[PDB]
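Protein chains in written order, with the entry's author numbering: chain O, 29 to 123; chain I, 1 to 33; chain C, 2 to 81; chain D, 4 to 141; chain L, 2 to 152; chain F, 28 to 188; chain A, 11 to 189, 192 to 754.
In this text, a Cβ means the ideal position worked out from N, Cα and C, and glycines have one as well.
Notes for the one structure printed next.
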Ligand code: CLA
Ligand code: CLA
Ligand code: CLA
Ligand code: CLA
Ligand code: CLA
Ligand code: CLA
Ligand SMILES: CC1=CCCC(C)(C)[C@H]1/C=C/C(C)=C/C=C/C(C)=C/C=C/C=C(C)/C=C/C=C(C)/C=C/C1=C(C)CCCC1(C)C
Ligand code: SF4
Ligand code: SF4
Ligand code: SF4
C-alpha cells in the first residue's frame with residue numbers, strides 16, 4: 029500500500045523492474061570487443077572482472093587511468109537508462 | 001611589553017564576549033513586546 | 002496606514018476610484034463641481050500606497066493625494 | 004453573509020496560495036456566479052476553471068481578490084462578485100462592494116472621508132505647525 | 002494517474018502534495034524524526050537531536066582546523082565544537098525568550114517551558130555526542146586518518 | 028621670458044624632442060626599401076614633423092623645461108593669438124549658432140504645428156536663418172534693447188517658493 | 011494541398027509618404043511630438059511589430075522582410091571584408107610567409123597624426139593589424155590571389171542587392187499569407205535538408221575539389237603563384253589524382269559502397285596538421301559530408317503534402333507522464349502562433365551554439381596558421397563568447413515577452429507551462445539556495461585564500477602545495493579522451509584535441525596546441541563559472557516566471573512586459589517587470605563572460621601559449637604563474653590585471669596607441685553610465701525645469717517640451733553605456749596585450 033503521493037497509491041514494481049532491467053541491460057552488453065578497455069570481453073563482463081581485480085587490491089582504490097571508472101560509468105549509465113525506461117513501460121502500459 | 005597578559009586576556013573578551021552579549025540583549029530588547 | 006486626501010479641485014471623473022486596486026476610494030455626492038460628485042477615502046487602512054489614483058487624476062496638480070505613513074501588513078502588501 | 008458551502012473552482016493547486024498568516028492573521032474570500040464553466044487565470048499563478056453557478060475562492064490579500072474581480076469583470080462580464088474578510092475567530096466582514104453599489108457610482112448615505120475644503124496649494128508650511136498638533140491641511 | 006495533487010486536498014493553500022513532500026517514505030521518515038515523533042517529551046527530542054548534531058560537529062573542526070597538523074588536533078577540535086555548541090545553546094535560549102509567552106502547557110516544543118526543556122536536552126545531548134566522538138577518535142586509529150591507516 | 032619660460036626656437040629640450048621624433052621615424056624608415064610606399068609615407072611624416080617643429084620654433088611660442096610649448100592666457104598682447112583671438116573666433120561662431128537657432132525657434136512658434144517644424148525642418152527658411160547669422164552681435168543687441176530678447180519675470184512659469 | 015503557396019499581390023504601395031511621417035506605425039506616436047519623450051518612444055517601439063497591430067499576418071510579413079534586410083546588411087559586410095582584403099591588405103605576403111607577417115586589412119588616411127596607426131605589419135606593409143581571422147579562412151578555402159578576393163567581394167555585393175530586392179518584393183509586391193508562414197513541418201524539412209544538408213554537401217564539394225589540393229600544395233612548400241587555378245583541379249583528373257590517387261577511380265566507389273577507397277582524402281586522422289597547426293582538411297571534408305548526409309536524412313522526418321512523415325503536434329501530445337499532467341500538449345499552438353516564443357528558443361540556442369563555437373574553436377584550431385596567431389584566437393574566443401551571452405539573455409527576454417503578451421491560460425490548462433508557473437516558488441527558492449551555496453563555497457575559497465596568504469599561513473590555503481581541491485572528474489575525462497585513439501575510437505590516429513593530453517604541436521617555434529592541465533585554481537574558477545551562470549539563470553528565470561503576477565503585484569500582466577514600477581507602495585515595487593529582470597541579468601551575464609574570458613586569457617598565456625626552444629622546453633608568455641596566483645583575488649589583480657595592462661598603458665606613441673585611447677574612452681563611458689544607473693528621473697526633471705527657465709528668459713524655449721528620460725530609458729541608457737564601457741575596456745586591454753606579446 030505504498031502511496032507515491034498524499035492520496036495516490038502506486039505500485040513501484042521494484043522486483044520486476046530491477047530484475048528485468050538488469051537482465052535486459054547485462055545480456056546485450058555481453059557482446060565482446062577487442063579494444064583494450066574491454067580486454068576481449070563484453071561491457072558487463074569487463075566491468076565484473078574489473079570489480080574482481082580492484083577488490084583483490086582492497087584499501088587501494090583504482091587509479092585514474094584504470095578502466096574501472098569508465099566501465100562503471102558506462103555500465104551504470106546504461107543500467108539507469110534501462111531501469112527508467114522499464115519503469116515507464118511496465119508501470120504505465122502494464123501489457 | 002609590560003603586562004603582556006592583558007592583550008591575550010582582553011582581546012578575546014572584547015571581540016567575542018562583548019559583541020555576543022550585546023547582540024543577545026539587543027535582540028531580546030528589540031523583539032520583546 | 003497611509004493617508005489619502007481629496008481636495009476640492011476634484012471634478013468627479015471617477016478615474017481614481019476605477020484605478021484603485023484595493024477599494025480605498027469611492028464617489029460621494031457633492032455640489033462643488035459640474036459632475037456633482039467628489040472622491041472620498043473611507044478605507045485607507047487597505048491603502049497599499051501604489052499612487053495609481055494620483056496617476057489617474059486629470060486635474061492640474063492632483064486632487065487626490067497619498068501621503069505614505071505607518072506601514073502595516075496590509076499597507077506593505079504582505080501575503081505572509 | 005458568506006456561505007462557506009459554496010463550491011470552489013477546480014484548481015490543481017499551486018505554491019502561490021495563502022501562507023500561515025492567512026490562518027493566523029486574516030484571510031480573504033471572493034464569491035461570484037458564472038453562466039458557464041470557463042478557464043480564468045488565478046491571481047496567484049496558474050489557470051483554474053470556474054464552474055457554472057457560484058464560486059468561492061480564498062486568497063491572502065484584498066488586492067488579489069480585487070485583481071481576480073477585475074479579471075472576471077473585464078474578460079467574462081461577471082459583476083456580481085463579493086469580497087469578504089475572514090478572521091481566525093470565524094468573524095466574516097463583508098468588504099466589497101461595501102454598500103452593494105460599486106464605489107465608482109454615487110450612492111446615497113455615503114459620507115465623504117478625507118475631503119479638504121481648499122486646493123492642495125493652500126496647505127500650511129511645516130514651520131507653521133512645528134511643535135503643535137495642527138494638521139498641515141489647516 | 003497523477004502524482005501531484007493539491008496539499009491537504011486544499012487547492013488554494015500555498016503548497017503542493019508531491020512524491021518528495023507527501024509520499025509514504027517521506028511521511029514515515031518525517032513522522033519518525035525526533036522533532037516530530039509522538040510520545041516524546043521536548044527534553045528527549047532535544048537529547049536525540051543534540052546527540053546527533055554534537056556528535057558530527059567534532060569532525061570538521063578536528064580535520065580542518067588551524068591545529069589540525071599538531072598533536073593536539075583532536076583536543077582543539079572538540080573544544081571548538083564545544084564552543085559552537087555553547088553559542089548555539091545561547092541562540093536557542095534567546096529564541097525561546099523572545100518567541101514564547103509563559104503558559105501552563107509544557108508538553109509541546111512550541112511553548113516556553115517546552116522550548117526550555119528542548120534547549121536543556123540539546124545542550125546535554127550535544128556535549129555527550131561531542132565527547133563520544135572525541136573518545137572514539139582518540140582511541141581508534143582508523144578514525145584519526147579517515148581510513149588511511151588501512152593502506 | 029614670461030614666467031621663466033624660454034622661447035622654443037632656442038630651447039635645447041625642444042630640439043631634443045624634435046631629434047627624438049625624427050630618429051623614431053627614421054629607425055622605422057630603415058627597415059623599408061627606397062621607393063616603396065611605406066618609405067615615401069615615412070619620409071612625408073618626417074617632413075611634416077620637421078616643418079611643424081620649425082613653425083613652432085619660429086612662432087614666438089614659449090617652452091618650459093619639459094620641452095613643449097606653453098600658452099600664455101593672461102591678456103598680454105604678445106600672446107593674444109594663443110587664447111584671445113581663437114576665443115574671438117569661437118565667440119563669433121557660437122553666437123552665430125545661438126542666434127540662428129533662436130530665430131528658427133521663434134519662426135517655428137508661428138507655424139501651424141510648431142513641433143512638426145522642430146522635427147521636420149523647413150530647409151529654405153532654416154538656410155535663410157543661418158545666412159542671417161553673420162551680423163549676430165548687432166542684431167542680438169538691437170533685439171535686446173527693443174525688449175524682444177528678455178521677457179519679463181511675470182510671463183515665465185516658476186515653481187512655488 | 012495542405013502545404014501550399016498563398017500570396018497577396020501588391021498589399022503595400024511603394025511610396026515615400028510615410029517616410030515623411032515619423033511614428034506612422036503607432037497610433038499613439040502618429041499624432042506627433044509634444045515632448046522629447048515621443049522621440050525616444052519613436053526609436054524604442056519601432057520594430058516591436060506586435061504592439062502596432064493585432065494581425066499576425068502583417069507581423070509575419072514585416073518579420074520576413076526585415077530578415078531579408080538583415081541578410082542584405084550581412085552580405086554587404088562580408089563583401090566589404092572581401093574587398094578590403096583584396097585592395098587594402100598584405101594577404102599575398104602573408105600567404106608567402108604566414109609565421110612572420112601579421113595580418114592587416116585596414117589602412118588609415120594621414121590626417122592628424124593618426125597615420126601612426128599604420129604599423130609595420132610585415133610583408134613590406136603598413137596598416138592596422140586585424141584579428142578577425144579572415145586570412146586563415148581564405149587560405150583554408152584555397153584563395154591564393156587578390157583577384158579571387160575581388161570576385162568574392164562582387165559576389166557578396168550581388169547577394170546583398172538580391173536580398174534587399176527580395177525584401178522589397180516579398181513585402182511590397184508579393185507578401186505571403188499567414189497560412192504560408194504556419195508550416196513548421198515544411199520549414200523544418202526544407203531548412204534541415206536544403207539549407208543545412210545541401211549547404212554542408214556543397215561545402216564538402218568545395219573542400220574536396222578545391223580546398224584540399226590547393227592546401228596540400230601550399231603545405232608542401234609550393235609558392236601560391238605556381239599553384240594551378242581551381243578549375244584546373246576540376247577538369248584535370250590526372251592532376252587531382254597525383255595528390256589523391258583514389259580520384260583515379262572516379263565516382264564508382266561512392267555508388268557501389270566501396271567507400272574505403274576514398275580513405276586518402278576522407279580521413280579520420282584527428283589531431284592537427286603539423287605544418288599548419290590546424291585541423292586536417294580531409295577530416296573536415298568527411299565531417300561536413302557526414303553532416304550533410306545526417307542533415308538530409310533529418311530533413312525527411314516531418315509530415316508534408318504526402319502521407320509520410322511525423323506530425324509534431326502528435327509527437328508533443330504523446331509525451332506526457334504521471335508527474336506532468338497533460339504534458340507537452342499546447343506547445344505546438346504556442347510555437348506556431350507566438351513569434352516571441354520562437355525568438356526565445358532560437359536566441360537561447362544560437363547563444364549556446366556561439367559559446368560552443370568559442371570553446372571548440374580555441375581547442376581544435378580549424379584553420380591553417382590560426383593556432384599560432386594568438387591575437388586571432390583570443391579575439392574570436394572573446395567575441396563569440398560575448399555574442400553567445402547576449403543572445404542567451406535575449407532568449408530569456410523574449411520568453412518574458414511571450415509570457416506577458418501571448419500566453420493564454422485557457423489554451424494552457426495543466427500543461428507543462430502551467431505547472432511550471434504553479435511551482436515557480438519552489439523553483440526560484442531552490443535556485444536561490446543553490447546560488448547562495450555556490451557563491452559561498454566558490455568565492456569564499458578565494459576570500460579564504462586571500463586571508464591565509466595575507467596572514468602568512470600558506471599551508472592553510474586551498475592550493476596544490478596546500479589543502480588540495482583536485483578536479484578529479486575533469487582530469488579523468490581528460491585521461492579518457494587521451495586514451496581514446498585506438499581504444500574507444502579505434503580508427504582515429506590521434507586525439508580530438510591535444511588540450512586533453514598528448515604532444516606539443518608547435519608551428520614556427522610557437523605552440524599551436526599543448527595539454528591544458530587542471531589543478532586547484534581550475535577547480536575554483538570552473539565553480540566560479542557555475543556560480544555566475546546559475547545566478548544569471550536565477551535572475552532571468554525569476555523574471556520570466558513572475559512576469560504575469562506575483563504575491564506582490566497580482567495584476568502584473570496588465571502593466572505589461574516593460575513598466576518602471578507600480579509605485580512606492582507595498583514597501584516599494586521598483587524594477588518589478590520582467591524587463592528589469594533582463595536589465596539585471598545583462599549585468600550578471602557581463603560578469604560571467606568577463607570572468608570566463610579572463611580565465612581563458614590567463615590560462616592560455618600561462619600554460620599553453622609560448623615559444624618552443626632547444627631541448628623541447630616551452631617558455632610560456634607569463635611563465636606558468638596561473639597555478640599559484642589564480643587562487644587569490646590579489647593574484648588576479650596583480651599578475652593578470654596589473655601585469656598585463658602594461659602593454660595598453662605604454663602604447664602611446666606606437667601603432668597600438670588607438671588601444672590606449674579606446675581603453676581610456678571605455679573607462680570614461682563606463683563611469684558615465686553610473687550617472688544614469690545610480691540616479692533617478694525626478695532630479696533631472698527639476699534641473700531641466702531650471703534650464704527651461706533659462707531658455708524661457710531668452711525666449712528660446714523649444715516647442716517640443718524637454719523632459720528627463722523615462723525610468724526604463726534611464727535604466728536602459730545606463731546599462732548600454734555600462735556594457736559598452738566594460739566590453740570596450742576588455743577589448744582594448746586584450747587586443748593591445750596579445751598583439752604585443754603574441
Ligand atoms: C531548400 C529551401 C530553402 C532554403 C535554402 C532556405 C533558406 C533560408 N530560409 Mg527558408 N523557407 C523554406 C525553404 C528554404 N529556406 C520554405 C519551404 C519555407 C516555407 C515553410 C521557408 C520559410 C522561411 C521563413 C519564414 C524564413 C526563412 C529564412 C531563411 C534563411 C535563414 C537565415 C540564414 O541562414 O540565411 C543564410 C543562408 C544562406 C544560404 C544565404 C543565402 C540566401 C539565398 C536566398 C539562398 C538561396 C540558395 C538557392 C536556393 C540555390 C542557389 C545556390 C547555388 C546553386 C547558386 C535562409 C536563407 C528566414 C530569413 O532570413 O528569411 C529572409 C525567415 O525568416 N525561411
Ligand atoms: C533501455 C531499454 C528499453 C527501451 C529502449 C524500451 C523501449 C520501449 N518500451 Mg520497454 N521495457 C524495458 C526496457 C526498454 N524499453 C524493460 C527493461 C521493461 C521491463 C520492466 C520494459 C517493459 C515494457 C512494457 C511493458 C512496454 C514497453 C513499451 C516500450 C515502447 C514504448 C514505451 C517507451 O518507453 O517508449 C520509449 C521510446 C523510445 C525508447 C524511443 C525514443 C528514442 C529516444 C532517443 C529515447 C531513447 C533513449 C536512449 C537512446 C535509450 C538508450 C538505451 C540504453 C540501454 C543504451 C518502447 C519501444 C510498451 C510498448 O508499447 O511496447 C510493446 C509496453 O507496453 N516496455
Ligand atoms: C576579535 C574577534 C575575534 C577573536 C578574538 C577570534 C579568535 C579566534 N579565531 Mg576568529 N573570527 C572572527 C573574530 C575573532 N576570532 C571573525 C569576525 C570571523 C569571521 C571572518 C572569524 C573567523 C574565524 C575562523 C573561520 C576560524 C577562527 C579561528 C579563531 C581562533 C584562532 C585559532 C586557534 O588557535 O583556535 C584554537 C581554538 C580553540 C582552542 C577553541 C576555542 C573555543 C572557545 C574558547 C569557546 C568560546 C565559546 C563562546 C565564545 C562562549 C560565549 C558565547 C556567548 C558570546 C553567547 C581564535 C580563537 C579558528 C579556530 O580555531 O576556531 C576555533 C577558525 O577556524 N576565526
Ligand atoms: C537654439 C539653440 C539653443 C540656444 C540658443 C540655447 C541657449 C541657452 N542654453 Mg541651451 N540647449 C539647446 C539649444 C539651445 N540653447 C539644446 C538643443 C539642448 C539639449 C542638448 C540644450 C541644453 C542646455 C543645457 C543643459 C543648458 C543650456 C543652457 C543654455 C543657456 C546658456 C548657453 C549655453 O550653455 O549653451 C550651451 C548649449 C549646449 C551645450 C547645447 C546646445 C546644443 C546645440 C549645439 C545647439 C542647438 C543648435 C540647433 C540645432 C540649431 C538649429 C537651427 C537651424 C534649424 C536654423 C542659454 C539660455 C545652460 C543654462 O541654463 O545656462 C543658463 C544649461 O545648463 N542648454
Ligand atoms: C534575433 C535578435 C533579436 C530580435 C529580432 C529582437 C526583436 C525585438 N526585441 Mg529583443 N533582444 C535581443 C535580440 C533580439 N530582439 C537580445 C539579444 C536581447 C538582449 C540584450 C534583447 C533584449 C530585448 C529587450 C530587453 C526588449 C527587446 C524588445 C524587442 C522588440 C522591439 C525592439 C525594438 O524596437 O528596438 C528598436 C531598436 C533599437 C532601439 C536599437 C537599439 C540600439 C542599441 C541599444 C545600441 C547599439 C550599440 C552599438 C551596437 C554599438 C555602439 C557603439 C558606438 C556608439 C561607439 C522586438 C520584437 C523590446 C520589446 O518591447 O519587445 C516587446 C524590449 O523591451 N528585446
Ligand atoms: C562585489 C559585489 C557584489 C557582491 C558580493 C554581491 C553579492 C550577491 N549578489 Mg549581487 N549584484 C551586484 C554586486 C554584488 N553582489 C551588482 C553590482 C548588481 C547590479 C546588477 C547585483 C545584482 C544582483 C542580483 C540581481 C542578484 C544578486 C545576487 C547576489 C547574491 C548571490 C548569492 C551569493 O553569492 O551568496 C554568497 C555571498 C557572497 C559571495 C557575498 C560575499 C560573502 C563572502 C563569501 C564572505 C562572507 C564573510 C562573512 C559574512 C563575514 C561575517 C563577518 C561579520 C562581522 C558580519 C549575493 C548576496 C542574487 C541573489 O541574491 O540571489 C541569490 C541575485 O538574484 N546580485
Ligand atoms: C551514510 C548515509 C548513506 C547515504 C544517505 C545518507 C542517509 C544521507 C547518509 C547519512 C549521512 C548521515 C545522516 C549519517 C547519520 C549520522 C549521525 C551524525 C550519527 C550520530 C550518532 C550519535 C551517537 C553515536 C552519539 C551517541 C551517544 C553516545 C552513545 C554517548 C555517551 C555519552 C552519554 C551522554 C552519557 C555519558 C557518557 C557519554 C560518552 C558522554
Ligand atoms: S495609493 Fe493605491 S491603494 Fe491607495 S488609494 Fe491610491 S490607488 Fe488606492
Ligand atoms: S481622479 Fe481626481 S478629479 Fe477624478 S474623481 Fe478622483 S480625485 Fe476627483
Ligand atoms: S522610485 Fe521610481 S521606480 Fe521606484 S517606485 Fe518611485 S517612481 Fe517607481
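Cross-strand partners of residue i (DSSP beta bridge)
i: residue 118 of chain D; result: C:7
i: residue 474 of chain A; result: A:479
Residue j beta carbon less than 8 Å from that of residue i
i: residue 416 of chain A; j: residue 560 of chain A; result: yes
i: residue 44 of chain C; j: residue 579 of chain A; result: no
i: residue 403 of chain A; j: residue 362 of chain A; result: yes
i: residue 106 of chain O; j: residue 57 of chain O; result: yes
i: residue 546 of chain A; j: residue 710 of chain A; result: no
i: residue 651 of chain A; j: residue 637 of chain A; result: yes
i: residue 93 of chain A; j: residue 117 of chain A; result: no
Environment of residue i [buried if 16+ CB atoms lie within 10 Å]
i: residue 29 of chain O; result: exposed
i: residue 111 of chain D; result: exposed
i: residue 88 of chain F; result: buried
i: residue 53 of chain O; result: buried
Span separating the alpha-carbon of residue i from that of residue j
i: residue 714 of chain A; j: residue 696 of chain A; result: 18 Å
i: residue 37 of chain D; j: residue 100 of chain L; result: 46 Å
i: residue 77 of chain A; j: residue 350 of chain A; result: 17 Å
i: residue 346 of chain A; j: residue 419 of chain A; result: 8 Å
i: residue 458 of chain A; j: residue 528 of chain A; result: 22 Å
(Q) My parser needs the beta strand (DSSP E) runs of 3 or more residues fully inside the region 624 to 668 of chain A; what are they? (A) 630 to 632
Q. Going along the chain, which unbroken runs of the alpha helix (DSSP H) with 4 or more residues stay wholly within the region 134 to 161 of chain A?
A. 144 to 151
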